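S.K.: Here it is, the structure, as structure tokens.
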Amino acid sequence: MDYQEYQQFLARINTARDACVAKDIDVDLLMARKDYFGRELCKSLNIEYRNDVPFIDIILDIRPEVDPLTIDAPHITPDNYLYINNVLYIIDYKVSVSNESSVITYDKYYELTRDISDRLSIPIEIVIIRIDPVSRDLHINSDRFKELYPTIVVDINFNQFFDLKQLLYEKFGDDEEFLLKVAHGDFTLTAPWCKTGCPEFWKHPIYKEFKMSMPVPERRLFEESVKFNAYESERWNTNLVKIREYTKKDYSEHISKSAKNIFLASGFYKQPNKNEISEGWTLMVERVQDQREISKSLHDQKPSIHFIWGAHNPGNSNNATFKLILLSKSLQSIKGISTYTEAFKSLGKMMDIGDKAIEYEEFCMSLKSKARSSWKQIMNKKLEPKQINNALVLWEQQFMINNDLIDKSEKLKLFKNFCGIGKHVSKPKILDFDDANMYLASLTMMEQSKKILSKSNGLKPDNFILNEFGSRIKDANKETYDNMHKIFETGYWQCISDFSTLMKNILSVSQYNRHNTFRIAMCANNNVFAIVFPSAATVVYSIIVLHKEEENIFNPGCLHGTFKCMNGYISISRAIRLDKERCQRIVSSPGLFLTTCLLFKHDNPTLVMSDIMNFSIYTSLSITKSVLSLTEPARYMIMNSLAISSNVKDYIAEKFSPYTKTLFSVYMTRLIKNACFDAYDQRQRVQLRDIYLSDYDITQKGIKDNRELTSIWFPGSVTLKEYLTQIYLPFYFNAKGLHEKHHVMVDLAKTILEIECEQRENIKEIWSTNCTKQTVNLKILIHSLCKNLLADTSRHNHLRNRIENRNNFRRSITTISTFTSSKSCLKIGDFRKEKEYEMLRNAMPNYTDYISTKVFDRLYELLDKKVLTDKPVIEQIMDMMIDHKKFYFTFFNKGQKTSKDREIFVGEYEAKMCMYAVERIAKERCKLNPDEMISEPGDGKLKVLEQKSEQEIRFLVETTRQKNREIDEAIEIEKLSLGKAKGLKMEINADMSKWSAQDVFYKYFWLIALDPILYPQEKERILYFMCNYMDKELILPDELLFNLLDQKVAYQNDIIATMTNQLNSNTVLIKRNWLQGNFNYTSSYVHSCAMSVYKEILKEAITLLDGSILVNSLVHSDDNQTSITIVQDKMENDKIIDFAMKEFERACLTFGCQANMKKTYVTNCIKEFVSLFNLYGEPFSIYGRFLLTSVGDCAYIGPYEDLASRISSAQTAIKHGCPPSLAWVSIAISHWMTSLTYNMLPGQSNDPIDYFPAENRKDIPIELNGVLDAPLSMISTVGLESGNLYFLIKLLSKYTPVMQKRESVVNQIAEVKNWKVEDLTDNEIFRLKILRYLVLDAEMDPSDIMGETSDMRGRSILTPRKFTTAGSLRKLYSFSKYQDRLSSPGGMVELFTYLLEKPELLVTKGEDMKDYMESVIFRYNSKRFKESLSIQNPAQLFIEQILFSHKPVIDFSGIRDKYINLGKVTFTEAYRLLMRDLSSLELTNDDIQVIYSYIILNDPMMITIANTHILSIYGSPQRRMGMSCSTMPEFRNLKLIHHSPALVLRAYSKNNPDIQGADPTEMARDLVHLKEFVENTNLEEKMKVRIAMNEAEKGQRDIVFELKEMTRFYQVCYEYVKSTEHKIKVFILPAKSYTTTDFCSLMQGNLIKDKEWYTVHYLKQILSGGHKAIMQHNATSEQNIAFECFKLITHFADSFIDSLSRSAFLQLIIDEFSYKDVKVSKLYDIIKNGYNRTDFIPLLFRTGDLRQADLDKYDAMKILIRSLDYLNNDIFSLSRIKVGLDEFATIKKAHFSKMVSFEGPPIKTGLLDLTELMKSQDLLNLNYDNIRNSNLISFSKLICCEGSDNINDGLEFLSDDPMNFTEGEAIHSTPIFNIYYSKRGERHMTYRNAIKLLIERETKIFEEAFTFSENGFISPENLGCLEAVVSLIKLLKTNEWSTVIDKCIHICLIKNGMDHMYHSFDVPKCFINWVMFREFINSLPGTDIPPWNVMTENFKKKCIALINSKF
RNA sequence: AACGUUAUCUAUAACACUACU
RNA sequence: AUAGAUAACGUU
Ligand SMILES: [Mg+2]
Ligand SMILES: [Zn+2]
């Protein structure tokens, strides 16, 4: 803070030019940070601030009476001291990331002060305060000091110092002397990881080819560089500098040529237009016709939607039996002849139950009841069909196939020709997407669908989502609620819901369907039925629709035929076969449909809901690859069309491959085709917003929001943000796993082998200068690598140690996560038995046998075979790099949502570890590189983009102004503007084609050869590794060989056979394709070096052009974002852009990369990078993806955790900028999906609303199948604790006393003991009982001082148990060993004893090979791990969870245990039993205290959230103008544990604080703290009692129970001992947030309303100083409230009040007002009797005081009161004072929006009441123009005349000093935009003058609005009319419109000087006769003045209504 | 499958819908 | 620089 110091340091940086003083200024910056932290800490702690006070001075201070010069005081200077309770404390402020400085300072101070403490007879306590800059976590060594001050609420931001340090580094980064000076140490290397190098590497054939490739000098340089040793040489850069100097000539020559190329460049770049697009489309259609088989028949189409629908019949019934009878009767009465009419009639006769409906119902209920009585399914009781009429009924809605009632030939025809059950090169058949007839048919189909579906439902729209979230959504936005109502009312919603429910029924009944039975499924609709035919898995079904009259059904091209029948027509759909995944997608479809509709329609009146519905119903239900082939390429086509420069034409001609098998696909293809042209047309209609820079931050930025762009998928006008949403969202409509393994595997192999062939036949040369494809310029690459390595190793000097520490190089193999997971891995060897396949090995000889096992099992096998050991991992990595000669790889399909899947490669363990080592080296190198982005954690790339955009905008504006100063001065001529400099902002968004396949691997070798921090032996070993790796062999998967060997017709041009010697071997040698994803960091790094070369080229070219350039290149892996800002005046921008693109391509090709010009594009402003956008400084993301993933897959273990998993996605959507109403929509959809999973919808069987005392499902807790209910900040912050938390806040608000109602949460939670339990309502009582007994433990006490937090306790209560099969588990070697141990006598008890001996292994990774083996063996005991190990189908789990809803699935024994002191139980019975049990329980005030203490008081985050909810106050709303990213601050600043939690647990397992890698004293402190926590929570005692009681109950030691209890104990300990986790969570907020309170305020204000956001401030200080698991019983202070109040008062008095009356006004407001319900006199008393008095010098001086000591302290911070009096005799400011002749002392500014928190008696000055001015909203702005252009309505609030004559005298009591006004200037750049900023206005513009102009203008307007009589306003008749109206308004009930009219007419009379008559106004004597009053008001000629007509007429209507209602 | 994350759960061991319609 | 399981996003 202290921004004055900020521009002081900025000026110092600007004037800085020497590296020898850069060190000094950096030290000064660090000292400034130190003293700023010290000042803030002292202010927080309410103590005096000192700075290095001498120790003798404090000795004298504490003991003045003792003589000096007798005890030798040490020369140490403590930062501060505190003497209380006869104890002295030494305080020092430290700002570091580690505690080394703190611990050494502690030791020194302690040792020095022991003797003084001994002699002075007073103990000395050393307190060291440490604050970590990146995360503001607090560290206090002394516990006694923490006891003295329980609450510490320090919260500050170091971002200013970080920015200044960044500026310093960028200003001096190139300076080598500066780099070596500021180095924190020297370059050192640890012991080499290996003792000997690899001598056989030099004879490797790959290295021979390498050597032959380079010319002789390069070979020599390489071979000496690989032998260079940094340790041996006197300088580590010697070889680097030598190589750089050698290559400097060639590098400079190439740079000079590339720069001088700019003149040759022409102005014709690759901008797209209609000609290119048309030619590309023609080429595309020609190519498609060549490849795909085009059809022109409508009958050849495939079903766009696998469904047919019809309206429901209200005339009929709804019972299931009646529906079945109606369906049978309809099927039995088919009229006409057709192919399958006889079969359908036979089916109708086949299920004819006759009139025996009751007997059939009895049978089905009996069977159902028998089934719903067992955990497992019933065996050995074979079912038998029962003959009811002519139907052999086997189960409810199931019918046996009776051959008697069906003809055999008809049966075979129906099953084969139609049903397809039982059946036995061409091209894919697609419809002509460009044929006019096909498009006409598509248009007709869509119009018919819209016509049928748009009809009203005819039924009430009541449903679960609306009922349970209407209030929340409507409060969020009324428009969204109305749109949802329109969605629900239409026929589209009914159709989609019926389809979903019917498809769910189909899925349910298809499980138990046999091969000779058929099922019937019904939905809510009485006309829609589904028939499910026998199956084997796949689901085969047909849809049947009964309708009164034909051609009235929704036919998405899937209707097989319509036939006449009784009471109308029956429509049969074609037989549909589907997979379970698509089945579940259809089931979940309604959520996707509703979300898509709401997202598309959100805030867009020009769009029509019908078109959005029509498009969404096809997008959501599209489960075919046809729409997949369209959604993906559309993004690139439309973006390139909108882009400034892109090669869209090629893309269309040789990439866009449409696959249109449906008419909807043709429609969407036409939509995309039109969108391309229309996007090219409208690219110039994008307009940027006006940047409101602040000279220290950028606010109100981004891109203007106006709808001019035509919408793509439907007619309408959309905003650019909405345009991007329409472009990008459809990609997320796709479904993953739509590829069939056969074809996708074949295509992946084809692509890989084709790339291999291309690289073998053509690519033979490695180094070239002409930029050959797949070639690298050697010289340039070497020079760039040398420069980048030098810079990186100069940045940090201990790189090798950091690499070893962070990547666990020293620790064991078992301590690395990636080596112990359960991912797939490959094993090679003689594995004949396990795989058994025989035909493959027999026919095909050369089979490199392989198997796919798990990583952890492979590691266990390797450890068992003694191949690997517990030695440091890196040594074993080197040993394996030498030993492992051969590498093998396999591949499979990722199953992504793209048109073509991305192949995924799996390698062996040895390759995994060696690649891990190399890639971690590269990653730790890249972490220092600013350009590298993978180093930045996830979601921080958005922040990087925002920072780059804002800094480049700043550079552009500054450079433009600086260059055009002279021209602007000359202007205030057209030729001068012509010759003035111009700006150009360009954004290149690029990706690289075939990043892994097409790459010169040799270029990485040099990156290792020139590496300094590697010893020559390590270099040799790594190079031998890569030489072996380039000889990798990819193994064809066994399935590919299976389906290739079973063709019987050889392929014409089989590349696989050619590479496999006609399938004679299953291994293919791959050389130049380093596998997909193996070397991300390495590749990325090299690309960053290439971007650095490009940056140098551009800078050199601009120097030749004599201009300014700023280039920012961001490189993730292959996706590159390059931003260029060029200011120059030589030639037009087109030549510059063409040159930039050409040289970008050249540089990208230089380093062996290849820019995908098809997907690479150029934009003026929009910067897309890894799916993150930055329109213009404004971050943006397509949050629709997270919204659509709300109904994704989940664990399906139980309702609560699935609700949690989907709320997770809802939260993630919120974090990306989703509006609150859409967030509620997503949450509601998630709740609906979870409810539908377990049949919990309202009215259904498992609906628990009836069984609980709840008005609606909101009252039921989440764990009891309730619904979420909390404000958005609650869910987004605490993560599902929001339910209980919000319930408790509601309780506090409802039941706390009025006096403490508005106090802090701590005061209320302490006063809770005074509640009357008899008042609580049942619902509340039930919820409190559930919290107290089901969640908490009864043994806890309200007097506890430390307790477990909600994070350390579970929440799930009801969890079904499924008797799942064991699985195969055969390939698992570790499983075989575990089974042998299990069969071994007494092995398990020995393993359990070992685990008890080291219990920390239960919750922490083992650090030893034996420990890892024991943990792996023990992990098999848990059935969950064994079940998860085998492959599973999420759809199968979902279906089984649906099916087992009614079976006893809840084990009530566990739920009973939770309360004091039979088998499985159903959900409904569980609810009944739980209510019966909780009825017997009881509550008391102590129980409520326990609940509140254990739920709220534990976590400081909970306290902060409760406070920010209770004390929130919302200010003036305003539209969201500029977004900005911000990370969430840590809510737990205090840290009680220092070591890592795993280390602390390891130490606590024993009692030895001294463990490996453990600091002794710090470890002892941590162990003491953990022991205190354990003994205070009684957790050890509770565990011991539990295990003892269980042992007594069983009679023998249930050892597994002991293991589980130990696991729970250590888990709770681990979660308590958690330090800061440094989670990276980014939120898009309307403003920048630095502190925690600012972040909370922005979050609260952003998530309340869609249209606008609010400014939120709190009545009291929300934060609380406490630890994670310690109850807090003390509130905070009020110092910050006083600070805010007095800052606001002083600044308001100075800015808006006349100087003469300022002191009197301040005295009065101190006298009687109060701020935030706190008397301002109390605040003045607090500030006066406080040590923070130097911040209020002017305020004190305006009341005298200051005791002559404040001046002394102020002088010490950087002089007599008598001087001050004369100096400030002139200056009348209340916040600004001048202590010296020029020295100025001021008070920090504050936002005026908090001013609403003031109240008191009115302050009447003249005709103005300043109290309303504080209470006002509009007139608090600082801009003169804003004040002068207000409305009379806002000013009207200030009118209090009581006998004034003129306006001027009353207005005299207003500030006459000139204020600031905002003015703007044009930027004159390629993207044209304005710049608005505030500056000091001249004298003639003041608050007085602004008020005068506003009042005169508004009074004239309102006067001419009320000139009723033609004579004039002052005419006697108009005066009489005004007297009449004032009499009327005074007599009748006061109205706000009446008051504003009265004030306006009164001020008009004041302006005309008629007030004396105004105060003489009365009821006219010529007029209580109300009838003639009505006559007169009805006679009033309401004028049509555009501003005033509305209020006048509304006033007239209100008055006439009131007078009518009066009588 | 590698990565970069983010958030959720931590048990000893033959049948759904059947609806405001 | 928790483990296990699951899910989602982005890159390869
Ligand atoms: Mg990209
Ligand atoms: Zn008056």
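We name chains A, B, ... following the order of the structure tokens; residues begin at 1 in each chain, and ligands are numbered from 1 as shown.
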Give as an mmCIF file with C-alpha atoms, in the first residue's frame the residues surrounding ligand 2 up to a distance of 12 Å, considering only C-alpha atoms (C1' of nucleotides) and all ligand atoms.

M.R.:
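Okay, result_25.cif is ready:
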```
data_model
loop_
_atom_site.group_PDB
_atom_site.id
_atom_site.type_symbol
_atom_site.label_atom_id
_atom_site.label_comp_id
_atom_site.auth_asym_id
_atom_site.auth_seq_id
_atom_site.Cartn_x
_atom_site.Cartn_y
_atom_site.Cartn_z
ATOM 1 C CA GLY A 1806 -30.266 26.639 4.423
ATOM 2 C CA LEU A 1807 -32.605 24.546 2.288
ATOM 3 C CA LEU A 1808 -30.335 21.471 2.364
ATOM 4 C CA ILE A 1839 -34.888 19.698 -0.076
ATOM 5 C CA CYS A 1840 -35.705 21.004 3.423
ATOM 6 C CA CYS A 1841 -36.630 24.675 3.080
ATOM 7 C CA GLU A 1842 -38.549 25.922 6.144
ATOM 8 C CA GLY A 1843 -38.478 29.477 4.833
ATOM 9 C CA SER A 1844 -35.690 30.154 2.330
ATOM 10 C CA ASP A 1845 -35.596 32.873 -0.329
ATOM 11 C CA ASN A 1846 -32.830 32.137 -2.862
ATOM 12 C CA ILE A 1847 -30.938 29.033 -3.953
ATOM 13 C CA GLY A 1850 -28.557 27.852 0.892
ATOM 14 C CA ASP A 1942 -43.850 18.343 -3.814
ATOM 15 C CA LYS A 1943 -40.079 18.746 -3.523
ATOM 16 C CA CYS A 1944 -39.724 19.531 -7.233
ATOM 17 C CA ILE A 1945 -42.450 22.182 -7.249
ATOM 18 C CA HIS A 1946 -41.066 23.629 -4.008
ATOM 19 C CA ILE A 1947 -37.573 23.969 -5.472
ATOM 20 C CA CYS A 1948 -39.100 25.512 -8.601
ATOM 21 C CA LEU A 1949 -40.796 28.106 -6.388
ATOM 22 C CA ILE A 1950 -37.458 28.631 -4.622
ATOM 23 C CA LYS A 1951 -35.835 29.309 -7.994
ATOM 24 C CA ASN A 1952 -38.634 31.752 -8.816
ATOM 25 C CA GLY A 1953 -38.526 33.184 -5.282
ATOM 26 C CA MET A 1954 -42.135 32.373 -4.351
ATOM 27 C CA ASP A 1955 -41.425 30.227 -1.296
ATOM 28 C CA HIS A 1956 -43.241 32.664 1.017
ATOM 29 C CA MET A 1957 -46.510 31.777 -0.700
ATOM 30 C CA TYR A 1958 -45.494 28.101 -0.788
ATOM 31 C CA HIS A 1959 -45.290 28.089 3.005
ATOM 32 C CA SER A 1960 -48.589 30.010 2.882
ATOM 33 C CA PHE A 1961 -50.240 27.298 0.770
#
```

S.K.: Counting only C-alpha atoms (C1' of nucleotides) and all ligand atoms, name the residues that have an atom within 9 Å of an atom of ligand 1; the answer should be given as a list in words.

M.R.: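 The residues near ligand 1 are residues 989, 990, 991, 992, 1118, 1119, 1120, 1121, 1159, 1160, 1168, 1169, 1170 and 1171 of chain A.
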
S.K.: I need the chosen residues saved as a PDB file, in the first residue's frame, with N, CA, C and O atoms.

M.R.:
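Result file follows (again-v4.pdb):
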```pdb
ATOM      1  N   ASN A 989      -3.125 -17.109 -32.558  1.00  0.00           N
ATOM      2  CA  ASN A 989      -3.477 -18.325 -31.835  1.00  0.00           C
ATOM      3  C   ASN A 989      -3.169 -19.491 -32.760  1.00  0.00           C
ATOM      4  O   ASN A 989      -3.741 -19.591 -33.851  1.00  0.00           O
ATOM      5  N   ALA A 990      -2.260 -20.363 -32.334  1.00  0.00           N
ATOM      6  CA  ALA A 990      -1.728 -21.393 -33.208  1.00  0.00           C
ATOM      7  C   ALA A 990      -1.665 -22.728 -32.487  1.00  0.00           C
ATOM      8  O   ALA A 990      -1.585 -22.789 -31.259  1.00  0.00           O
ATOM      9  N   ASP A 991      -1.705 -23.796 -33.271  1.00  0.00           N
ATOM     10  CA  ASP A 991      -1.368 -25.130 -32.809  1.00  0.00           C
ATOM     11  C   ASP A 991      -0.499 -25.792 -33.868  1.00  0.00           C
ATOM     12  O   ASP A 991      -0.486 -25.382 -35.031  1.00  0.00           O
ATOM     13  N   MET A 992       0.250 -26.805 -33.456  1.00  0.00           N
ATOM     14  CA  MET A 992       1.262 -27.412 -34.308  1.00  0.00           C
ATOM     15  C   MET A 992       0.774 -28.777 -34.770  1.00  0.00           C
ATOM     16  O   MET A 992       0.344 -29.597 -33.953  1.00  0.00           O
ATOM     17  N   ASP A1118       1.891 -27.454 -27.417  1.00  0.00           N
ATOM     18  CA  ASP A1118       1.967 -27.176 -28.841  1.00  0.00           C
ATOM     19  C   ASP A1118       1.093 -25.968 -29.136  1.00  0.00           C
ATOM     20  O   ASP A1118       1.332 -25.231 -30.098  1.00  0.00           O
ATOM     21  N   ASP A1119       0.076 -25.764 -28.303  1.00  0.00           N
ATOM     22  CA  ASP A1119      -0.784 -24.602 -28.445  1.00  0.00           C
ATOM     23  C   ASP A1119      -0.024 -23.354 -28.026  1.00  0.00           C
ATOM     24  O   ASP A1119       0.481 -23.265 -26.904  1.00  0.00           O
ATOM     25  N   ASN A1120       0.060 -22.389 -28.934  1.00  0.00           N
ATOM     26  CA  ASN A1120       0.866 -21.194 -28.740  1.00  0.00           C
ATOM     27  C   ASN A1120      -0.009 -19.963 -28.899  1.00  0.00           C
ATOM     28  O   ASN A1120      -0.845 -19.899 -29.808  1.00  0.00           O
ATOM     29  N   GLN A1121       0.182 -18.993 -28.011  1.00  0.00           N
ATOM     30  CA  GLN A1121      -0.513 -17.714 -28.080  1.00  0.00           C
ATOM     31  C   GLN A1121       0.543 -16.620 -28.121  1.00  0.00           C
ATOM     32  O   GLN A1121       1.265 -16.414 -27.142  1.00  0.00           O
ATOM     33  N   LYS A1159      -5.622 -24.365 -38.631  1.00  0.00           N
ATOM     34  CA  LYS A1159      -6.232 -23.987 -37.365  1.00  0.00           C
ATOM     35  C   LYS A1159      -5.594 -22.756 -36.735  1.00  0.00           C
ATOM     36  O   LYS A1159      -6.136 -22.223 -35.762  1.00  0.00           O
ATOM     37  N   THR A1160      -4.465 -22.292 -37.261  1.00  0.00           N
ATOM     38  CA  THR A1160      -3.805 -21.097 -36.755  1.00  0.00           C
ATOM     39  C   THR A1160      -4.481 -19.865 -37.338  1.00  0.00           C
ATOM     40  O   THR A1160      -4.685 -19.785 -38.554  1.00  0.00           O
ATOM     41  N   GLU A1168      -7.536 -16.823 -27.838  1.00  0.00           N
ATOM     42  CA  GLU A1168      -7.927 -18.157 -27.313  1.00  0.00           C
ATOM     43  C   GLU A1168      -6.662 -18.965 -27.007  1.00  0.00           C
ATOM     44  O   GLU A1168      -5.790 -19.060 -27.894  1.00  0.00           O
ATOM     45  N   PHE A1169      -6.561 -19.496 -25.786  1.00  0.00           N
ATOM     46  CA  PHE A1169      -5.392 -20.321 -25.393  1.00  0.00           C
ATOM     47  C   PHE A1169      -5.896 -21.466 -24.514  1.00  0.00           C
ATOM     48  O   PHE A1169      -6.503 -21.153 -23.484  1.00  0.00           O
ATOM     49  N   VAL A1170      -5.637 -22.724 -24.893  1.00  0.00           N
ATOM     50  CA  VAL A1170      -6.117 -23.930 -24.141  1.00  0.00           C
ATOM     51  C   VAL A1170      -7.547 -23.730 -23.608  1.00  0.00           C
ATOM     52  O   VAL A1170      -7.748 -23.901 -22.386  1.00  0.00           O
ATOM     53  N   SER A1171      -8.501 -23.397 -24.491  1.00  0.00           N
ATOM     54  CA  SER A1171      -9.936 -23.218 -24.116  1.00  0.00           C
ATOM     55  C   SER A1171     -10.148 -22.103 -23.083  1.00  0.00           C
ATOM     56  O   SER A1171     -11.136 -22.193 -22.327  1.00  0.00           O
TER      57      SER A1171
END
```

S.K.: Select all residues from chain C having any atom no more than 6 Å from an atom of chain A (counting only C-alpha atoms (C1' of nucleotides), ignoring ligands), output as a list in words.

M.R.: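 Here they are: residues 2, 3, 6, 7 and 12 of chain C.
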
S.K.: Can you tell me, as a PyMOL selection string, what residues are no more than 12 Å from residue 21 in chain B when counting only C-alpha atoms (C1' of nucleotides), ignoring any on the same chain fewer than 5 positions away?

M.R.: chain A and resi 311-319+457-461+494+498+523-527

S.K.: Mind listing the helix (DSSP H, G or I) residues of range 1615-1768 of chain A, per DSSP on the backbone, as a ChimeraX atom specification?

M.R.: /A:1615-1616,1636-1646,1679-1696,1699-1712,1720-1728,1734-1741,1749-1757,1761-1767

S.K.: Neighbours of range 121-131 of chain A within 6 Å (only C-alpha atoms (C1' of nucleotides); same-chain residues fewer than 5 positions away dropped), as number ranges by chain?

M.R.: A: 88-95, 137-142

S.K.: Please produce a file of those selected residues containing N, CA, C and O atoms, as an mmCIF file, in the first residue's frame.

M.R.:
```
data_model
loop_
_atom_site.group_PDB
_atom_site.id
_atom_site.type_symbol
_atom_site.label_atom_id
_atom_site.label_comp_id
_atom_site.auth_asym_id
_atom_site.auth_seq_id
_atom_site.Cartn_x
_atom_site.Cartn_y
_atom_site.Cartn_z
ATOM 1 N N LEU A 88 8.145 -9.953 29.889
ATOM 2 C CA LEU A 88 8.572 -9.216 28.709
ATOM 3 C C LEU A 88 8.679 -10.159 27.518
ATOM 4 O O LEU A 88 9.155 -11.290 27.647
ATOM 5 N N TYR A 89 8.232 -9.683 26.359
ATOM 6 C CA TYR A 89 8.252 -10.445 25.121
ATOM 7 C C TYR A 89 8.991 -9.645 24.061
ATOM 8 O O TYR A 89 8.719 -8.453 23.877
ATOM 9 N N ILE A 90 9.914 -10.305 23.368
ATOM 10 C CA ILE A 90 10.662 -9.717 22.263
ATOM 11 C C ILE A 90 10.002 -10.153 20.964
ATOM 12 O O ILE A 90 9.813 -11.352 20.729
ATOM 13 N N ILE A 91 9.654 -9.187 20.116
ATOM 14 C CA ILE A 91 8.918 -9.438 18.886
ATOM 15 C C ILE A 91 9.775 -8.991 17.713
ATOM 16 O O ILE A 91 10.302 -7.873 17.713
ATOM 17 N N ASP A 92 9.916 -9.863 16.719
ATOM 18 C CA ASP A 92 10.622 -9.541 15.487
ATOM 19 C C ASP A 92 9.747 -9.946 14.312
ATOM 20 O O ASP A 92 9.117 -11.007 14.341
ATOM 21 N N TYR A 93 9.710 -9.103 13.286
ATOM 22 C CA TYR A 93 8.914 -9.370 12.096
ATOM 23 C C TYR A 93 9.794 -9.985 11.019
ATOM 24 O O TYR A 93 10.860 -9.452 10.699
ATOM 25 N N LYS A 94 9.346 -11.106 10.465
ATOM 26 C CA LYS A 94 10.064 -11.794 9.404
ATOM 27 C C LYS A 94 9.114 -12.080 8.254
ATOM 28 O O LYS A 94 7.958 -12.455 8.470
ATOM 29 N N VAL A 95 9.603 -11.896 7.031
ATOM 30 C CA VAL A 95 8.828 -12.154 5.818
ATOM 31 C C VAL A 95 9.676 -13.080 4.951
ATOM 32 O O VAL A 95 10.526 -12.628 4.177
ATOM 33 N N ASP A 137 -0.028 -16.925 5.287
ATOM 34 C CA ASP A 137 -0.179 -17.816 6.465
ATOM 35 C C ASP A 137 0.734 -17.308 7.578
ATOM 36 O O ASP A 137 1.876 -16.932 7.274
ATOM 37 N N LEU A 138 0.245 -17.305 8.812
ATOM 38 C CA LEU A 138 0.991 -16.735 9.924
ATOM 39 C C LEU A 138 1.689 -17.831 10.717
ATOM 40 O O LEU A 138 1.135 -18.916 10.915
ATOM 41 N N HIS A 139 2.909 -17.544 11.167
ATOM 42 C CA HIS A 139 3.684 -18.468 11.984
ATOM 43 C C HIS A 139 4.186 -17.729 13.214
ATOM 44 O O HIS A 139 4.927 -16.748 13.091
ATOM 45 N N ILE A 140 3.783 -18.199 14.392
ATOM 46 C CA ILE A 140 4.218 -17.638 15.666
ATOM 47 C C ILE A 140 4.867 -18.757 16.464
ATOM 48 O O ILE A 140 4.233 -19.786 16.729
ATOM 49 N N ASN A 141 6.128 -18.558 16.849
ATOM 50 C CA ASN A 141 6.869 -19.615 17.526
ATOM 51 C C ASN A 141 6.421 -19.795 18.972
ATOM 52 O O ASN A 141 6.271 -20.931 19.438
ATOM 53 N N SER A 142 6.199 -18.701 19.694
ATOM 54 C CA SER A 142 5.894 -18.764 21.117
ATOM 55 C C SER A 142 4.395 -18.952 21.316
ATOM 56 O O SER A 142 3.591 -18.161 20.811
#
```

S.K.: Looking only at strand (DSSP E or B) from DSSP on the backbone, list the matching residues of range 421-527 of chain A as a list in words.

M.R.: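 Checking each residue of range 421-527 of chain A, the strand (DSSP E or B) ones are residues 429, 430, 431, 456, 490, 517, 518, 519, 520, 521 and 522 of chain A.
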
S.K.: Just how far from CA of residue 1753 in chain A is CA of residue 57 in chain A, in Å to one decimal?

M.R.: 16.3 Å
